[PDB]
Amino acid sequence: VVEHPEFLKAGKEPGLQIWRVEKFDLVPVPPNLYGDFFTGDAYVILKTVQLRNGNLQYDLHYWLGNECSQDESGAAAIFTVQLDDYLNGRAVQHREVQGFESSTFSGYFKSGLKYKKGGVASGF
């Protein structure tokens, strides 16, 4: 089992959690900026939903900006696998590309998906 302080906070209660890949590490996004994505970066998103019986359902999305570097998109994919394992494999994984996101992912943000130019410098 592989862990990380952000792994300890993930999927404990229903809601939405977003992290950004920042030089080979996973860093939480400030809550008020949820829904604004830098076109130069990649992100990991965890949507947690409660069930009628009381159990939790997990949907993992990794979002890739049109200008994110190879290290960031590769790191987002590996972190997604590792977080799924920490959740005992119970999450469903989804790949999201800037501008072609699934209807479900866009529906998480009532104000709409928005993009910004720039981003955090690459780890390479």
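The numbering used is simple: start at 1 and walk along the sequence shown.
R52, though modelled here, lacks coordinates in at least a third of the other entries of this protein that were compared and that model residues flanking it. Annotation for 96 to 104 versus 6 to 14: the higher mean temperature factor (C-alpha) is found in 6 to 14.
Per-stretch averaging of Cα B factors for 47 to 55 and 62 to 70 places 47 to 55 on top. Per the deposited record, the Cα B-factor of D36 falls in the highest third when ranked against the other modelled residues of its chain.
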